[PDB]
Structures are given as structure tokens and as C-alpha cells.
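please find the sequence and an experimentally derived structure below.
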Amino acid sequence: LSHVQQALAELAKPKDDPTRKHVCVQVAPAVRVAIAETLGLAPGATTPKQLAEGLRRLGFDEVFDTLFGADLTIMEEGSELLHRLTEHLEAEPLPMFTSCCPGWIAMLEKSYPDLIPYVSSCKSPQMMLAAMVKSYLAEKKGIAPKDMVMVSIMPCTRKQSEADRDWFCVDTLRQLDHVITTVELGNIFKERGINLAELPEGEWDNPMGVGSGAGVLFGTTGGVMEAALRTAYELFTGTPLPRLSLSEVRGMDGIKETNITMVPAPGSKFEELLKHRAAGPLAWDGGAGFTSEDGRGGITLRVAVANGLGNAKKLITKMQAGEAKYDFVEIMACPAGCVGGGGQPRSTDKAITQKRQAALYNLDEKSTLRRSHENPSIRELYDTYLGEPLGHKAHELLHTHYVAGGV
Ligand code: SF4
Ligand SMILES: [Cl-]
């Protein structure tokens, strides 16, 4: 039985069936924008809440937004980056690589096992949300994890392999049981005569198990990498980080970069560290610093983004050669990123991924910058359950490790 079949079988049990499990779903933004295409419509032609209604009609007990999981990843990865920076300023190495793309993680383990220590220990948004629901939410609702099935809808054909990593288990209890792609889900709806464009607005569930809505605030973060950078930057400097604009790197396909200059906040420990101490296949060059005549030092964070895997191999070679100098690097296996993932609908439109990206968020939400640490649902989870980012409980549920040679 395929994972689609297993999931549908669980949903086929009447809710009052004594062998019926609690079945929940989480949905990626890239799925939400592309699912309209499965009906021959434009990206974003169906609303987030129409999709939530559609999923509920399949028999899902809870319907979650993967963006809640991404708030968790931003919390942990922003903290991890800042921690690595602090340790390096006072003399888990740098540069740091993101860890959300399983295509990258597979290549890392098989082809670059020596780079393992440089990779973020964070789990992906979907795996963080799944770990959370089978632990925190299970406890809150008085439901045994064994009686819980979680499904995720992803634009990606590699997300099941991510979910299947052996140790992503609960206390064979899987944190995330089944991954379904955008097109597979689109097919499920069409086969059941569900037309998403004709559905009423439904509603999301909060993974916290109380209140209404998806448990994510209004607005956009700019994505996990930018938001992790913002978390670190704003704590370091005491000043806001605007939306980033990445620029194409000359002579290297699929690579974009930005340099972020950071002056420590006055009176901060960061200011102290820079002053008090002025003096590995990828050796950190001690970082790119700057100073002024009066002694106001700063560091420039050198950030790169690679799409996709061939292009990433060429970046790594340059990095190892010392020809490319970066402090924080995001590698995505797909040329267009997740909106162009292998589980997405096929279009004759060469610019379909541009249309999908543009429709990801409305102009209203686009104009409002969201910060994960300000989300009351996230605050409550840390305050009452997780403890501190990077802490013992957070590490146990939300972090992971890598296996040289692969799994
Ligand atoms: S970039 Fe592609 S392979 Fe990587 S997580 Fe996104 S959809 Fe999956
Ligand atoms: Cl994810």
C-alpha cells in the first residue's frame, strides 16, 4: 500500500468506528498556491480556507498550516546561528548550512560527509510541527500518540524520505506518518468530485489545541532563512532587518548572495566580544569584519543561496578552494525552490513558478513583516513546554543529526 492509500484507509473509517484513529494534516504554502492548477486554474485561484475546507471534507480531524512548524524552525535556527556566531566571536563551526531540503541532506550525507558538522541541526518545518503534535498536543488532548496519524501535503517528492528517517519516532510510532504531494492531493479531490474553487471558506486548526485560526500571525517572514537571519541580526544589533534582496553571483549559475553589515547594540555582550578579543574542509576565515576610527567594530554576514544540486556542488568546490567566502548558506535541490518542486503540477508556462511565488501571499500580508518570536502560540509553547530554544527539550524534539554515507 502506498502512503496515499494508507492515509485514505485511515480516513475511510467512520469517526465513530472503535478502531478509528485521530487523523490530522499539515499543508505547505507551496501546495496551497499550486493546488488550483490541478483544476486547470491559475496559481492562487483557490484560497487557503477553501483548501482547509476541502481537507476537512476528506475526513481530517485537524487541519494545520505548516507555517506554524516554520515559526518553530525560525526560532531554533535563528538561535543556532546566533549561538555559532557568539562562540566564534569569543574564540558547531561556521559557515553554517541550512537543513530543510532533504535533497541537500541526501547529497550531504553521501557525497560530502565531511561537511556534516557545518550543517544546522534543525529539523524541517514539517518535522518540527509533527514532533510537536505527537508530543505537546497529544498530552494536552489526552490522546496516546499510537492513536494519531499525521499526514503532510508537500510540493516535494523527497519529503517522505525525510519523514522516514529512523529516529523521527515518538517516545513503530512515527512523528510524521504519510506525505502526499500537491498533484496526488489534487487527484484525490477530482476523484471524489470535490471542486476546491466551489467550496465555502473553511478554517484552520491551531496546533496548540486552543483558540481559533492557524496559530500563526498576519503577515510574512520572508521564509525560514531570511527570518533566521533576522532573529540573529535584530538581537545582535538592536535594529530591524528589512526584507532581503539577493543578487546573482557572477560566474556561478543558481547562486545568489547578500552581505549584511552588523554593528553590535551599544552596551551589549556582542559589543564587548568584538572589542575584548580582536585576535576543517571549510576553515572560517575569522569572518569579514570592519571598524571605524573611534573603534565601533562590526561584522559583515556573508550569505549565499544555491538552487539546485549541480549548482551547489560548484559552490562547495569554490568554498573549499577559498574562492567563495560565505558564513551562512542555503541549499535547495530544486532550481525554482519549493514552488517548483517535483510533486507540483506540470505546466506549459515557462514562468509558472514566478506566478506561484507571486501568489504565495496577498499584497496585504506581503506588506506586513511577521516575527516568529512574537507569536503568542510560540511563546506559550516555549514558556510552558519546550523551555529555551536549543535547550534539552527543544533539542530532543526539534533537532536531529546526520549519518555519513547516508541512510
Ligand atoms: S527545494 Fe525541492 S527537493 Fe528541496 S525541499 Fe523544496 S521541493 Fe523538496
Ligand atoms: Cl518542511
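Great, that's in hand. Residues are numbered from 1 along each chain as shown. Ligands and ions are numbered 1, 2, ... in the order given.

quick one: the helices in the stretch 251-400 of the chain?
269-276, 309-321, 352-358, 363-366, 376-381, 392-398 (DSSP state H, counting those that start in this stretch).

on the three-state scheme, residue 239 is what?
coil (DSSP: H, G, I helix; E, B strand; the rest coil).

ok, now the one 4 residues further on?
Three states are possible here, and by three-state DSSP the one that applies to residue 243 is coil.

I'd guessed residue 299 sits against residue 285; true?
No - using C-beta atoms under 8 Å, residue 299 makes no contact with residue 285, being 11.7 Å away. All C-beta spots, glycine's among them, are computed from the backbone N, C-alpha and C.

so which of the two has more stuff around it?
residue 299 (22 against 12; other C-beta atoms under 10 Å).

I'd say residue 258 and residue 245 touch.
Yes - using C-beta under 8 Å, residue 258 is in contact with residue 245, at 6.9 Å.

quick one, which of these two is more surrounded?
Neighbours around residue 258 and residue 245, counted as other C-beta under 10 Å, are more numerous at residue 258. The numbers are 16 against 7.

which residues sit in contact with that one?
Residue 258 makes contact with 244, 245, 246, 247, 303, according to C-beta atoms under 8 Å, 6 or more residues apart in numbering.

beta partners of it?
Taking DSSP bridges, one obtains residue 303 as the residues bridged to residue 258.

quick check: residue 23 is in a strand.
Yes - assessed with three-state DSSP, residue 23 lies in a strand.

so the nearest residue to it once chain neighbours are set aside: helix, strand or coil?
Closest residue in space to residue 23, ignoring its immediate chain neighbours: residue 149 at 4.6 Å, by C-beta to C-beta, 6 or more residues apart in numbering. Put simply, residue 149 is strand when judged by three-state DSSP.

up against ligand 2, what does the stretch 151-300 of the chain have?
Within the stretch 151-300 of the chain, no position lies close to ligand 2 (C-beta under 5 Å from the ion).

so residue 262 makes contact with residue 302?
No - in this structure, residue 262 is not within contact of residue 302 by C-beta under 8 Å, at 11.1 Å.

among the helices of the stretch 251-400 of the chain, which comes closest to residue 118?
Among the helices of the stretch 251-400 of the chain, the nearest to residue 118 by C-beta to C-beta is helix 309-321 (9.9 Å).

ok, that closest one near ligand 1 or not?
No - remark: helix 309-321 sits outside contact range of ligand 1, by C-beta under 6 Å from any ligand atom, the gap being at least 8.8 Å.

counting neighbours, what do you get for residue 238?
14.

residues touching it, list them.
Counting by C-beta under 8 Å, 6+ apart, residue 238 makes contact with 265, 266, 268.

try it again with 10 Å
Contact partners of residue 238, counting by C-beta atoms under 10 Å, 6 or more residues apart in numbering, are 263, 264, 265, 266, 267, 268, 270.

residue 289 now?
Applying C-beta under 10 Å, 6+ apart, the residues near residue 289 are 89, 262, 274, 278, 297, 298, 299, 300.

so what's the nearest residue to the last one once chain neighbours are set aside up against?
Distances taken as C-beta to C-beta, 6+ apart put residue 288 closest to residue 300, at 4.5 Å, once the chain neighbours are dropped. Under the criterion of C-beta under 10 Å, 6+ apart, the neighbours of residue 288 are 259, 261, 298, 299, 300, 301, 302, 325, 326, 327.

ok, and the closest non-adjacent residue to residue 394?
Closest residue to residue 394 apart from its sequence neighbours, by C-beta to C-beta, 6+ apart: residue 386 at 5.0 Å.

how deep is residue 202 tucked in, by neighbour count?
17.

list the buried residues of stretch 55-74.
55-56, 58-74 (16 or more other C-beta atoms under 10 Å).

that one vs ligand 1: in contact?
No - among the residues of stretch 55-74, none lie within reach of ligand 1 under C-beta under 6 Å from any ligand atom; the closest is 11.6 Å away.

and the end-to-end length of that stretch?
The first and last residues of stretch 55-74 sit 27 Å apart, counting by C-alpha to C-alpha, to the nearest Å.
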